[PDB]
Amino acid sequence: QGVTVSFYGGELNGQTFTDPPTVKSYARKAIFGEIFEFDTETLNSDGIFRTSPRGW
Amino acid sequence: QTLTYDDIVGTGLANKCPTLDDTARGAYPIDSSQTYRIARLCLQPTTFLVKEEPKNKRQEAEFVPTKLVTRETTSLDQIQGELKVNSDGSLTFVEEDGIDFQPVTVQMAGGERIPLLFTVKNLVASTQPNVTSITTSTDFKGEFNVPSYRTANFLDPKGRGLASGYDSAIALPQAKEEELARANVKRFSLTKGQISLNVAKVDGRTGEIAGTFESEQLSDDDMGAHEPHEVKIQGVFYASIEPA
Amino acid sequence: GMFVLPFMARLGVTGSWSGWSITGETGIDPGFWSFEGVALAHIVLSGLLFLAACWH
Amino acid sequence: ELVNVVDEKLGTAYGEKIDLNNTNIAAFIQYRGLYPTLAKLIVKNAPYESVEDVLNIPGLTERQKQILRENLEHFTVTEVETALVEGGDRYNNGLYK
Amino acid sequence: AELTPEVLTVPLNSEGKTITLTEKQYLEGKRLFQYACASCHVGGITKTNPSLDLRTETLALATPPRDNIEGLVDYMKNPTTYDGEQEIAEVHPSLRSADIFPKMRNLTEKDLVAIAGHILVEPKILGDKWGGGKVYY
Amino acid sequence: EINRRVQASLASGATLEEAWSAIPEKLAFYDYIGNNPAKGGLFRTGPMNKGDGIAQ
Ligand code: CLA
Ligand code: CLA
Ligand code: HEC
Ligand SMILES: CC1=C(/C=C/C(C)=C/C=C/C(C)=C/C=C/C=C(C)/C=C/C=C(C)/C=C/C2=C(C)CCCC2(C)C)C(C)(C)CCC1
Ligand SMILES: CCCCCCCS[C@@H]1O[C@H](CO)[C@@H](O)[C@H](O)[C@H]1O
Ligand SMILES: CCCCCCCS[C@@H]1O[C@H](CO)[C@@H](O)[C@H](O)[C@H]1O
Ligand SMILES: CCCCCCCS[C@@H]1O[C@H](CO)[C@@H](O)[C@H](O)[C@H]1O
Ligand SMILES: CCCCCCCS[C@@H]1O[C@H](CO)[C@@H](O)[C@H](O)[C@H]1O
Ligand SMILES: [Ca+2]
Ligand SMILES: [Ca+2]
Numbered sequence: 005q006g007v008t009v010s011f012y013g014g015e016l017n018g019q020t021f022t023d024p025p026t027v028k029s030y031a032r033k034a035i036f037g038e039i040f041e042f043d044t045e046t047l048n049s050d051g052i053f054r055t056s057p058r059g060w
Numbered sequence: 008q009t010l011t012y013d014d015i016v017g018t019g020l021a022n023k024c025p026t027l028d029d030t031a032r033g034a035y036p037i038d039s040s041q042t043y044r045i046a047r048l049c050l051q052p053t054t055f056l057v058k059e060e061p062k063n064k065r066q067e068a069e070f071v072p073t074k075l076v077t078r079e080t081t082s083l084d085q086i087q088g089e090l091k092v093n094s095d096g097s098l099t100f101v102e103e104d105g106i107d108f109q110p111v112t113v114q115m116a117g118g119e120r121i122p123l124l125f126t127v128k129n130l131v132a133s134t135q136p137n138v139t140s141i142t143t144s145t146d147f148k149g150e151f152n153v154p155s156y157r158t159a160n161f162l163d164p165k166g167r168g169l170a171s172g173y174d175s176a177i178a179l180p181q182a183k184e185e186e187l188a189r190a191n192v193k194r195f196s197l198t199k200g201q202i203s204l205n206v207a208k209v210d211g212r213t214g215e216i217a218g219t220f221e222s223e224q225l226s227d228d229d230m231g232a233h234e235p236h237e238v239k240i241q242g243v244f245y246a247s248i249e250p251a
Numbered sequence: 005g006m007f008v009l010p011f012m013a014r015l016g017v018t019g020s021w022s023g024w025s026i027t028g029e030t031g032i033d034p035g036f037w038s039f040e041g042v043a044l045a046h047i048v049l050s051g052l053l054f055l056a057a058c059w060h
Numbered sequence: 132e133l134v135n136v137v138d139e140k141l142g143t144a145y146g147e148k149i150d151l152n153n154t155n156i157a158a159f160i161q162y163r164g165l166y167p168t169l170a171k172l173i174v175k176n177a178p179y180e181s182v183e184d185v186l187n188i189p190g191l192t193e194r195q196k197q198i199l200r201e202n203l204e205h206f207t208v209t210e211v212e213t214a215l216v217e218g219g220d221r222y223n224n225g226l227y228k
Numbered sequence: 113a114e115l116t117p118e119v120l121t122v123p124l125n126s127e128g129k130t131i132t133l134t135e136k137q138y139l140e141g142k143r144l145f146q147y148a149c150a151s152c153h154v155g156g157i158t159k160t161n162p163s164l165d166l167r168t169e170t171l172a173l174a175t176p177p178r179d180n181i182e183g184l185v186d187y188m189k190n191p192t193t194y195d196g197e198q199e200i201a202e203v204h205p206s207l208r209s210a211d212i213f214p215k216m217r218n219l220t221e222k223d224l225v226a227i228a229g230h231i232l233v234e235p236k237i238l239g240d241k242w243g244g245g246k247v248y249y
Numbered sequence: 061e062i063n064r065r066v067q068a069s070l071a072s073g074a075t076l077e078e079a080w081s082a083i084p085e086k087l088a089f090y091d092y093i094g095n096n097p098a099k100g101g102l103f104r105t106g107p108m109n110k111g112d113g114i115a116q
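Protein sequences appear in the order of chains A, B, C, D, E and F.
Residue numbering for the first sequence follows my numbering, starting at 5 and increasing by one per position.
Residue numbering for the second sequence follows my numbering, starting at 8 and increasing by one per position.
Residue numbering for the third sequence follows my numbering, starting at 5 and increasing by one per position.
Residue numbering for the fourth sequence follows my numbering, starting at 132 and increasing by one per position.
Residue numbering for the fifth sequence follows my numbering, starting at 113 and increasing by one per position.
Residue numbering for the sixth sequence follows my numbering, starting at 61 and increasing by one per position.
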């Protein structure tokens with residue numbers, strides 16, 4: 005289907021990606037809503053969702 | 008004196024190639040004007056050797072013995088193909104079809120299991136020139152194809168595959184992908200193997216030959232997830248040669 | 005950091021049921037008196053001595 | 132860079148037409164007259180350097196050639212992909228309904 | 113929604129003639145299809161060859177065309193491969209092979225018309241379920 | 061609310077990049093499922109940052 009992704013605002017503002025692996029990677033994050041860059045190194049984060057103090 | 012399925016079933020003989028008597032030391036004449044085929048090629052492995060992976064490059068690694076754990080399911084059989092007479096008098100066997108692969112798992116000292124696709128798929132094997140008769144001095148040497156041990160639909164335990172399956176580690180929804188690329192992106196191996204067939208017995212009247220073989224090929228690479236091992240397979244073979 | 009392995013090797017126990025030896029050989033058969041067989045024998049002895057202690 | 136070669140092939144003509152060098156044989160049911168007689172001959176005599184080479188299959192009847200000519204617009208050829216043609220997958224690729 | 117005369121109106125031949133089945137014909141067609149055919153064709157698929165289904169669009173691209181009463185009735189007498197090239201009565205139930213498929217022995221011409229009408233009406237009711245397999249259950 | 065603000069920016073003549081760049085990062089961050097308290101696990105312990113990471 006020749007799917008592309010363009011970003012508006014944020015870090016990636018003004019950029020467009022067309023290679024299927026990259027476009028697919030952003031589509032996978034879009035099921036979570038808005039897309040963010042995370043530091044996963046400082047805490048050795050494992051990539052699995054946890055609840056907030058509201059939940060606990 | 009001819010055995011039935013009920014004579015054979017459960018004995019292990021079904022995984023064994025036919026043998027020839029010690030009196031079978033004859034010669035099978037080749038008519039350069041006649042066309043020939045191998046009506047049945049059988050390869051019965053007796054030893055699987057795996058080359059160790061040494062830490063020292065100055066050290067020459069050796070092939071070490073292994074324990075077969077997948078039982079009497081290892082032989083290649085009912086293989087057929089053209090036996091060409093070349094202009095220089097050499098013969099070339101061109102494999103056409105048959106039960107020409109077996110998945111095999113052998114186990115190294117310490118427990119490491121080595122799966123491989125023991126095979127002669129697409130074998131092309133040739134003798135020396137000027138083979139006017141097949142004798143106990145005739146040898147066949149050739150190459151074959153070794154496709155991926157798993158084919159393209161195979162799904163790993165987290166549901167990932169090449170022609171099917173997930174393309175990511177779905178249990179880690181927000182992990183960084185780069186470190187998982189080798190496990191996430193399945194790749195299909197296709198390499199070459201080499202084999203030698205040493206004729207040891209010939210029944211000139213029936214066109215049957217038997218002997219020993221040695222073949223070398225790579226083991227399973229788990230669809231690109233890790234490096235394969237080098238394997239050397241030794242065993243006995245049988246072939247029936249017919250005018251075609 | 006091996007502490008009891010050298011004491012088994014000192015008196016002739018050099019192989020594993022899994023096929024290796026501490027001298028680096030492959031496909032050796034140590035019989036029952038592998039490192040594992042020694043360990044098993046000591047566990048069984050322990051249990052028998054425990055039961056004897058109860059009786060006495 | 133690591134690439135899934137099947138996903139990659141979906142971005143070529145393979146994802147748009149019947150690839151005479153790669154596509155599983157059930158795809159020939161899409162068009163009148165191709166399955167199973169021509170479909171078997173096409174897969175057996177693959178691969179082809181161009182779509183028109185399918186007309187050179189030895190033994191084709193004149194009616195078979197006409198049918199192929201009417202369907203060349205639905206065919207393509209790409210490089211043989213090992214992952215699609217091993218395992219007998221052109222004859223049975225593990226998909227039923 | 114109702115099983116109307118319009119739903120029960122299906123192509124009789126390849127030349128644009130239609131035939132309007134009665135409700136009793138529709139019920140007879142369902143019964144006869146279950147009796148003789150559903151062991152392999154339940155829900156419009158084909159268990160012993162899932163590549164070929166009973167969808168109207170599939171039947172239309174068969175040779176000769178099978179998306180009408182005459183085509184389906186002929187198929188039950190003298191079935192062919194999808195390209196019309198081979199006669200397969202020896203491995204597919206038909207009147208021609210009623211000797212080896214005994215359930216065909218008592219099917220009358222009237223019965224074959226009902227079975228054909230069932231195959232054509234059922235996708236008009238069930239849509240993608242007909243020939244869809246388990247995905248659409 | 062994000063879409064409402066973007067549409068109001070476009071209607072006032074902003075470009076697409078300008079409209080999305082006007083969205084506060086804090087507002088976009090609420091529109092992400094990793095902050096949904098119904099995405100955790102009973103034994104996935106600790107701060108949300110331990111899962112998807114520290115948002116940057
Ligand atoms: C039943 C027979 C038996 C056998 C064949 C073994 C065999 C073994 N034991 Mg086990 N063990 C046993 C019973 C046995 N054990 C019992 C009953 C216990 C509980 C006390 C143990 C507790 C034990 C431990 C904690 C360890 C072993 C270990 C071992 C291995 C090394 C042995 C060694 O180096 O000893 C060395 C023995 C000596 C140096 C003997 C010293 C004797 C002193 C000097 C005698 C002095 C008094 C004497 C009366 C003086 C007069 C003598 C006279 C002749 C003049 C070897 C496989 C080692 C191992 O590898 O574990 C996996 C180890 O760490 N064993
Ligand atoms: C109302 C109680 C409560 C709540 C809602 C919170 C909430 C929170 N705590 Mg706090 N905390 C509390 C009390 C609480 N705490 C108490 C009393 C202490 C002193 C121990 C602490 C000490 C503490 C530390 C040191 C930390 C937190 C952290 C956190 C955060 C992560 C929580 C987590 O991972 O739990 C996980 C919850 C579980 C795994 C559930 C345990 C369920 C038990 C084991 C069931 C037992 C069953 C029982 C045996 C069955 C018996 C049956 C029998 C009758 C037959 C979260 C905001 C973490 C944080 O992020 O800090 C910034 C952190 O590091 N808390
Ligand atoms: C299994 C034992 C079957 C029974 C019972 C019936 N059919 Fe069948 N059907 C079967 C196969 C294996 C095939 C494909 C044959 C081939 O090689 O082409 C078919 C095909 C049909 C078709 C053609 C479908 C198409 O898309 O062109 C029709 C119209 C059909 N079958 C009808 C039919 C009827 C009416 C049956 C009962 C009287 C019946 N079939 C029985 C397998 C089997
Ligand atoms: C010879 C030999 C050897 C050695 C051996 C040994 C060392 C042995 C020991 C043994 C032992 C060491 C034994 C013991 C036993 C014990 C017992 C037999 C016990 C019993 C008990 C009881 C009976 C008890 C009971 C009770 C209880 C439990 C509780 C309470 C009550 C009562 C008390 C009743 C070896 C191997 C080297 C080899 C070679 C040979
Ligand atoms: C081009 C593909 C790789 C970059 C885009 C992938 C999604 S974005 C990517 O996702 C990770 C998991 O959320 C984060 O840890 C990381 O910060 C973020 O850059
Ligand atoms: C008392 C019985 C103890 C149980 C013995 C477990 C098998 S023995 C075990 O096998 C592993 C796999 O082959 C080896 O890697 C390891 O070196 C060996 O100790
Ligand atoms: C309580 C567990 C008993 C298990 C007994 C296994 C014996 S096994 C047997 O043992 C002999 C003596 O070592 C060896 O020589 C021989 O090679 C070995 O096969
Ligand atoms: C308590 C039950 C545990 C019994 C385990 C008996 C292992 S017995 C042991 O096994 C080896 C093969 O693995 C052989 O090499 C060796 O000869 C044999 O004695
Ligand atoms: Ca990590
Ligand atoms: Ca020889």
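Even for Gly, the Cβ is constructed at its ideal location relative to N, Cα and C.
Query, Result
"List, in chain order, every chain D residue whose beta-carbon is nearer than 9 Å to that of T175 of chain E.", "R163 and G164"
"For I52 of chain A, I'd like the list of residues in its chain whose CB is within less than 8 Å of its CB, leaving aside the five on either flank, ordered along the chain.", "none"
"Taking only heavy atoms of ligand 2 into account, decide whether any of them is closer than 7 Å to the Cβ of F103 of chain F.", "yes"
"Roughly how many angstroms lie between the CA atoms of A182 of chain B and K110 of chain F, to the nearest whole one?", "11 Å"
"Can you tell me whether DSSP reads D84 of chain B as helix, strand or coil?", "strand"
"Specify, as a first and last residue, the run of the alpha helix (DSSP H) that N152 of chain B falls within.", "No alpha helix (DSSP H) holds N152 of chain B; the beta strand (DSSP E) holding it covers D146 to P154."
"Exposed or buried, what is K99 of chain F when buried is set at 16 or more other beta-carbons lying within 10 Å of its beta-carbon?", "buried"
"Could you check which residue in E:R217, E:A174 and E:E118 has the C-alpha nearest to that of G196 of chain E?", "E:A174"
"Please name the residues in the region 151-182 of chain B whose beta-carbon is closer than 9 Å to at least one beta-carbon of chain A, in chain order.", "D174, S175, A176, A178, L179, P180, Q181 and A182"
"By the criterion of Cβ-Cβ separation under 8 Å, what are the contact partners of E184 of chain B in chain A?", "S29"
"Shorter than 8 Å from the beta carbon of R58 of chain A to some beta carbon of chain B?", "no"
"Kindly examine ligand 7 and report whether one of its heavy atoms sits closer than 7 Å to the Cβ of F36 of chain C.", "yes"
"Determine the burial state of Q161 of chain D: buried for a count of at least 16 other Cβ atoms within 10 Å of its Cβ, exposed for fewer.", "exposed"
"Say yes only if the C-beta of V206 of chain B is nearer than 7 Å to one or more non-hydrogen atoms of ligand 10, and no if none qualify.", "yes"
"What is the DSSP secondary structure of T158 of chain B, reduced to helix, strand or coil?", "coil"
"Measuring straight from C-alpha to C-alpha, what distance separates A45 of chain C and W21 of chain C?", "14 Å"
"How many Å lie between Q114 of chain B and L75 of chain B at the Cα?", "6 Å"
"Which residues, in chain order, does the region 17-43 of chain C contribute to contact with chain B at a C-beta distance below 7 Å?", "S22, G23, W24, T30 and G31"
"Is there a C-beta anywhere in chain B that falls below 8 Å from the one on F11 of chain A?", "no"
"Am I right that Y194 of chain E and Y166 of chain D are in contact with their C-beta atoms under 8 Å? What's the rounded C-beta distance?", "5 Å"
"With a threshold of 16 other CB atoms inside 10 Å of the CB of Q195 of chain D, please say whether the residue is buried or exposed.", "buried"
"Among B:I240, B:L225 and B:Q241, which has the Cα closest to the Cα of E234 of chain B?", "B:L225"
"Would you mind reading off the limits of the alpha helix (DSSP H) that contains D104 of chain B?", "Taken as a continuous stretch (DSSP letters only), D104 of chain B belongs to no alpha helix (DSSP H), being part of the beta strand (DSSP E) at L98 to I106."
"If you measure from the beta carbon of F195 of chain B to each beta carbon in chain D, is any gap under 8 Å?", "yes"
"Is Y35 of chain B helix, strand or coil by DSSP?", "strand"
"Consult DSSP for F89 of chain F and reduce its assignment to one of helix, strand or coil.", "helix"
"Cβ of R54 of chain A less than 8 Å from any chain H Cβ?", "Checking the listed chains, one finds no chain H in this structure; the protein chains it contains are A, B, C, D, E and F."
"Measure the beta-carbon distance from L27 of chain B to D210 of chain B and round it to whole angstroms, keeping in mind my assumption that it falls under 8 Å.", "6 Å"
"Under DSSP, the alpha helix (DSSP H) around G229 of chain E begins and ends at which residues?", "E221 to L238"
"Quick one: using the 10 Å Cβ neighbour count with 16 as the cut-off for buried, is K193 of chain B buried or exposed?", "buried"
"Cβ-heavy atom distance between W21 of chain C and ligand 8 below 7 Å?", "yes"
"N205 of chain B bridges to which residues according to DSSP?", "B:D146 and B:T219"
"By how many angstroms is the C-alpha of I212 of chain E removed from the C-alpha of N125 of chain E?", "29 Å"
"For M188 of chain E, verify whether its CB is less than 7 Å away from any heavy atom of ligand 3.", "yes"
"What distance in whole Å lies between the Cβ atoms of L179 of chain B and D43 of chain A, which are believed to be in contact at a cut-off of 8 Å?", "With 8 Å as the limit, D43 of chain A and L179 of chain B do not qualify as a contact, their Cβ atoms being about 16 Å apart."
"In chain order, what residues of the same chain have a beta carbon less than 6 Å from the beta carbon of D150 of chain D, not counting five sequence neighbours either side?", "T207 and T209"
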